[PDB]
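For reference, the structure discussed in these notes is given below.
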Amino acid sequence: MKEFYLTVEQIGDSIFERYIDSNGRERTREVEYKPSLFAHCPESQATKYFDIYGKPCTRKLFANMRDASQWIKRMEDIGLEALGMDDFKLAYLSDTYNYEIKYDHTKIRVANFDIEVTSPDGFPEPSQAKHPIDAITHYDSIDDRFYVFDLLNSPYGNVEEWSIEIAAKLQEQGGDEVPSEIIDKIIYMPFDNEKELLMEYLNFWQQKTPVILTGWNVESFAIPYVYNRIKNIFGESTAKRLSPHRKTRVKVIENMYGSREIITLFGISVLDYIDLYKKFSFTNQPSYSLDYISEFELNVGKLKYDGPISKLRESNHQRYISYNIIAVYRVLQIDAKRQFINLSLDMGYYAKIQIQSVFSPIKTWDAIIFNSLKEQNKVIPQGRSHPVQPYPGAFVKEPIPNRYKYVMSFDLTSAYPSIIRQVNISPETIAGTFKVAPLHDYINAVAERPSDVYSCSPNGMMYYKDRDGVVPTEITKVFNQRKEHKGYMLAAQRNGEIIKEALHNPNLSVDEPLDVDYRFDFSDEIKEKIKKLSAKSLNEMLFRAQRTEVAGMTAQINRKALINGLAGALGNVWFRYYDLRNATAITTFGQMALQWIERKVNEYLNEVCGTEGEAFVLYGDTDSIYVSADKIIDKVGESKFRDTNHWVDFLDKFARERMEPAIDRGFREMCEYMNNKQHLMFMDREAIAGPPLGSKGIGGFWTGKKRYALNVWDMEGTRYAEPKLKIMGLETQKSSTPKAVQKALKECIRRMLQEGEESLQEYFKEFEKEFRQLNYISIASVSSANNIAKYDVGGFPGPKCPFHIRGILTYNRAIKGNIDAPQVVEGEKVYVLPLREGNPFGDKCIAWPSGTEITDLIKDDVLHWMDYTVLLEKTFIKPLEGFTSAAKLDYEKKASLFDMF
DNA sequence: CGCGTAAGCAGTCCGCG
DNA sequence: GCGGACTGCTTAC
Ligand SMILES: Nc1ncnc2c1ncn2[C@H]1C[C@H](O)[C@@H](COP(=O)(O)OP(=O)(O)OP(=O)(O)O)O1
Ligand SMILES: [Ca+2]
Ligand SMILES: [Ca+2]
Ligand SMILES: [Ca+2]
Ligand SMILES: [Ca+2]
Ligand SMILES: [Ca+2]
């Protein structure tokens, strides 16, 4: 097999590399790598090295890496560009792995761990590490084993050994219900003292050194806690044994308000799963506790116990340990679903970077672009300093707030990356400028043609047409991977709908789910067998189909995120190829494209309908259009349709056969107007929306920009067994809206769009009457809490104090003088409830850490003083009033002359 | 900590005769 | 009350 790196580090004048050798064995080496950098040279000087603009360069080979770094600094002192990859480990990987890397994940040691620390005096600060580590569970991917290190004797209690037999029993047998599928994979190690536990942990760590190190909050808590605890007990050199090169660094993580400390372990790639989830899941969660995220992702019940965690070990060590093991398994379960580890390895090896660098789109693109250019003996420019400057982005159309009955939507495939490829936007393809006319003049095709030579953007930029730039070339490669995975995702989604259909008529039989590849549309034979299956088998297939779809979604959406990130990187001052001319070339072309195609679709439909000046495009945002299809439907007349699916086919057919060719012609003209290199504006049909045939449903509504709802029957070729709501921006979609309020508002919208005004009025009356019985957590608002200190004036609200911050200060006063009972963490999320006039808390709201029950000290007082009236007006009635006025409906029945009999 | 901009709504402070 | 100036937060793309 071809070799591949696991980790790489620069330590002084040495490169330290852990790798898999040609025999699939893990090895480590230290290599005194001599880097090269570059300077411009005269043309009379013969070379094979050229900068990206075609100017000749001489290669400078250094005795060592520090020499190279010193040269860079001197070049700055002289005032001359020092060209080349200045991140030497990236150059080392490029020289050592000069081919497309094939990696074998089964050879990569992936460690998932969690620690427990009993603390009576509040949260155990990792930088202090003053309390004993009393449990460690460490899963090894190569062994497939959970290693449990259990402290029996502590200053906070001496306990009995954990029992695997009790751990396996049902909660209803007094057990811990540790999943039977991991019972035989647990390797249990009790210890009489903490010193021997840690000493044994480090020895195990040497034998089985993690390559990829993950778990939940391991980077901010577990890793620094273990390092600092070992440091405090044994000294620094022993703590540095967590790094296979015995090198570590305290890294200061700064943000807008304050900073925090992490421990960089050289030769380890830390991928904290919380950070993988936030980056790759495309959710925004009210809480990031592992129990909350596990509930969300896996529908597993919260890990339940009596008393605080600080008393759990001494009161129920059996459960304490089982829940530590379960915590580790839960992260593994989430990853089997979301596959964020697999994703990170794919992208990291593709770019030829340190795996943990997948967190940085700038670092990822820098390496992809460097490896690409290096292949043609081209030489990358020096990174430079730039002041942060604002620049313009997308166009969004102001919609007329209304109901809209029948709607069809269209948007560009991979908009910004497609703009890059079409126009040929790249640092090295800039050809010059042309004199710009107002954007309006290009939209309406009255402005002079920009160039008869070069490919243009309405921002004034011109680009070469003889050859692809490196940005277009490389963005195309990831785009293509993206397309493949999106293909698998959509097929699994369509397959899911077939299974849902079949479930209306399940057979009374005993059988198995079919062995199938859900990434590919079901053949007729499979469809035939499916209609003969039991409910049990069908459901399992549905679960498997939806897992495949999730796998497809992870692979495609994060590849889209990377290529969209290159467009954004052009407007980030730290990017090597930062250029506001290119960043604005993309966004400004996007503005034209949308408004151009809006004009064209309007013109085409006015012609089709024999009218003039009517707006068929009601809305659009960035790269998308929403077309009113009332007139298309009315031209055949609703009476002609058999059922809803009939008009859906008709609109589907109209979009494919009439709209899209019209749209394509409009864009091909635009491409020639701009003299672009290649036509790549592909605006495919997204949604087909309307009320159920025969109903009083309103179909859809818009309240303003980025705020709308549609009753969708077909989405990108997926025909749903049941209509699905596409809701954007409205309160049902915000993590700040109470859980139960999101649900009630969604149902109000369902009824508006599918059933009509009277159905909505019936539901509202019921919700208003019953909502006071909702559990307080379900009706609490949610907000991030930044700058709690800035607004704290002797424990009271200072000027301009945010409402959610006021709640926190109220909480702080009410718990003051409690070393136990949870503190609100700066920068994390809180639940917020209003309080009625004249409460014991002395203020109008209270906030507490999100994902948690409010501490029992004040819970009963909070519940008694919760302002249900304010809560209902603010989170439910006010948004609903917004929805219904836009849609020209009333959520309460008005008086009529019929009320007279 | 980690690519970009546009733009919505909650809330505070305060004007508005 | 409601809106504009402003801060804070969150979402659409
Ligand atoms: N998260 C983001 N980061 C940066 N730019 C974005 C992001 N989301 C959207 N954009 C910009 C770039 C996109 O190409 C453009 C259109 O957005 P959108 O339609 O959501 O994605 P897309 O057109 O790239 O892919 P798709 O083919 O799935 O429509 O808006
Ligand atoms: Ca724990
Ligand atoms: Ca798009
Ligand atoms: Ca059947
Ligand atoms: Ca879009
Ligand atoms: Ca599409």
Side-chain angles (χ1 to χ4, degrees), chain A residues 219-220 251-262 264 271-272 275-276 278-280 282-286 356-366 388-398 411-412 414-416 560-575 577-578 580 582-584 586-588 590-591 594 619-624 702-708 726-737 781-787 790-791 797-807 827 829-830 832 834 844-845 873-875 878-879 882:
Chain A
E219 190 190 58
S220 56
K251 182 168 258 175
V252 55
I253 300 306
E254 303 184 23
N255 52 50
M256 206 150 49
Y257 323 114
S259 70
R260 59 187 185 93
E261 62 282 296
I262 64 158
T264 293
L271 304 175
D272 192 341
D275 293 327
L276 289 182
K278 288 170 174 173
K279 189 188 167 38
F280 294 140
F282 290 84
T283 62
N284 191 25
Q285 294 290 10
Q356 66 270 30
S357 284
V358 300
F359 282 107
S360 164
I362 296 169
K363 179 65 55 171
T364 306
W365 284 114
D366 198 39
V388 171
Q389 284 180 311
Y391 69 95
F395 174 78
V396 183
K397 185 187 172 66
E398 188 73 70
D411 70 288
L412 297 174
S414 199
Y416 282 15
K560 156 191 175 178
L562 184 58
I563 60 176
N564 286 355
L566 177 57
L570 295 164
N572 175 286
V573 289
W574 298 113
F575 192 42
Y577 312 101
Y578 173 75
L580 249 31
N582 289 345
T584 70
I586 300 164
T587 69
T588 317
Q591 281 200 22
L594 178 54
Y619 182 69
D621 182 342
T622 311
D623 72 329
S624 74
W702 263 255
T703 81
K705 292 177 176 181
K706 303 185 192 279
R707 280 180 69 81
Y708 64 88
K726 174 176 202 251
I727 308 175
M728 303 303 305
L730 308 186
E731 280 75 6
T732 56
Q733 306 315 106
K734 304 170 100 167
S735 76
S736 50
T737 298
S781 301
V782 180
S783 181
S784 299
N786 302 302
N787 259 320
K790 200 234 264 182
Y791 289 108
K800 289 153 198 161
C801 184
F803 190 90
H804 63 296
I805 299 298
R806 179 183 292 271
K829 286 179 190 189
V830 289
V832 186
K844 73 184 179 175
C845 58
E873 285 289 329
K874 279 159 39 159
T875 68
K878 212 196 179 190

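Letters A, B, ... are given to chains in the order of the sequence lines, protein chains preceding strands, and every chain is numbered from 1. Just so it is clear, the values below take in all heavy atoms, side chains as well, and ignore hydrogens, waters and symmetry mates.
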Hey, what are the protein-to-nucleotides 7-10 of chain B N/O distances that come in under 3.5 Å?
unit_1  : atom_1 : unit_2    : atom_2 : d
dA7(B)  : OP1    : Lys705(A) : NZ     : 2.7
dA10(B) : OP2    : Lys878(A) : NZ     : 3.0

Measuring from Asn572(A):CG to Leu566(A):CG, what's the distance to the nearest 0.5 Å?
-> 11.5 Å
How close or far is atom P of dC1(B) from atom CG of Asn572(A), stated in whole angstroms?
-> 16 Å
Taking atom types as modelled, find out whether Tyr708(A) and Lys726(A) have a side-chain donor-acceptor pair closer than 3.5 angstrom.
-> yes
Within less than 4.0 Å of OP1 or OP2 of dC1(B), is there a side-chain N or O belonging to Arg260(A)?
-> yes
Taking the inter-plane angle between the rings of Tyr619(A) and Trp702(A) on a 0 to 90° scale, is it parallel (under 30°), tilted (30 to 60°) or perpendicular (over 60°)?
-> tilted
Would a distance-only check, ignoring hydrogens and angles, find a side-chain to backbone donor-acceptor pair under 3.5 Å from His804(A) to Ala785(A)?
-> no
Mind checking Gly393(A) for me? I need base, sugar-phosphate or nothing, with any heavy atom below 4.0 Å counting as a touch.
-> sugar-phosphate
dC9(C): pairing nucleotide in any strand, Watson-Crick or G-U under 3.5 angstrom = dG8(B)
Is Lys844(A) touching bases, backbone alone, or none of the nucleic acid, heavy atoms closer than 4.0 Å?
-> sugar-phosphate
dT7(C) to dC3(B) separation - P atoms, rounded to the nearest Å = 26 Å
Can you find a pair of side-chain heavy atoms, one from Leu730(A) and one from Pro879(A), that are under 4.5 Å apart?
-> no
From the options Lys397(A), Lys706(A), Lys705(A), select the one residue that forms a salt bridge (charged side-chain N to carboxylate O under 4.0 Å, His left out) with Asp621(A).
-> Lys706(A)
Which nucleotide, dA6(B), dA12(C), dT10(C), lies nearest any side-chain atom of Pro392(A)?
-> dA6(B)
Work out the sugar pucker of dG8(B) as north or south, treating a positive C1'-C2'-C3'-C4' as north.
-> north
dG11(B) pyrimidine/purine six-ring stacking with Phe803(A), under 5.5 Å and 30° = no
Contact under 4.0 Å: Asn284(A) side-chain N or O vs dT10(C) OP1/OP2 | no
With no hydrogens and no angle check, is any side-chain donor or acceptor of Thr737(A) less than 3.5 Å from a backbone partner on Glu731(A)?
-> yes
Look at all strands and tell whether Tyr416(A) reaches a base, only sugar-phosphate, or nothing, counting heavy atoms closer than 4.0 Å.
-> nothing
Please report the shortest heavy-atom distance between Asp272(A) and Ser220(A), naming the atom on each side.
-> OD2-N, 4.0 Å
Rounded distance in Å - CH2 (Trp702(A)) to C1' (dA12(C)) = 13 Å
When rounded to the nearest Å, what value does the distance between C1' atoms of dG2(B) and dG8(C) take?
-> 22 Å
Stepwise, does the side-chain contact (heavy atoms from CB on, under 4.5 Å) test hold for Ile563(A) with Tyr416(A)?
-> CA-CA 8 Å; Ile563(A) 60 176; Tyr416(A) 282 15; over 6 Å; no
Quick one: are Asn284(A) and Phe282(A) in side-chain contact, heavy atoms under 4.5 Å?
-> no
Heavy atoms under 4.0 Å, any strand shown: does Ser735(A) hit a base, just sugar-phosphate, or nothing?
-> sugar-phosphate
Interatomic distance, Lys726(A) NZ vs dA12(C) P [rounded to whole Å] | 9 Å
Rounded to the nearest angstrom, tell me the gap between atom CZ in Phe280(A) and atom P in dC1(B).
-> 16 Å
Round to a whole Å and report the spacing from CD of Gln389(A) to P of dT5(B).
-> 12 Å
Given atom CD of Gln285(A) and atom P of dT10(C), what is their separation to the nearest angstrom?
-> 13 Å
Of the nucleotides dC1(B), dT5(B), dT10(C), which one has an atom closest to the side chain of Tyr391(A)?
-> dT5(B)
Using whole Å, report how far CG of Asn564(A) lies from P of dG2(B).
-> 18 Å
Identify whether any heavy atom of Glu219(A) sits under 4.0 Å from a base atom; if not, whether one sits that close to sugar-phosphate; answer base, sugar-phosphate or nothing.
-> base
Can you tell me the distance, in whole Å, between the NZ atom of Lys560(A) and the P atom of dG4(B)?
-> 17 Å
In B/S/- notation, 5' to 3', how is nucleotides 2-9 of chain C contacted by protein heavy atoms closer than 4.0 Å?
-> -----SSS
Residue set satisfying side chain to side chain donor-acceptor pair (under 3.5 Å) with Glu219(A), at least two apart, ordered chain then number -> none
Should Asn255(A) be listed as having a side-chain N or O under 4.0 Å from OP1 or OP2 of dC1(B)?
-> yes
Sugar at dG11(B): north or south, per the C1'-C2'-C3'-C4' sign?
-> south
Please determine, for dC3(B), whether a Watson-Crick or G-U wobble partner exists with both distances under 3.5 Å, and give it or none.
-> none
If you look at every strand shown and take non-hydrogen atoms under 4.0 Å, does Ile362(A) touch a base, only sugar-phosphate, or nothing?
-> sugar-phosphate
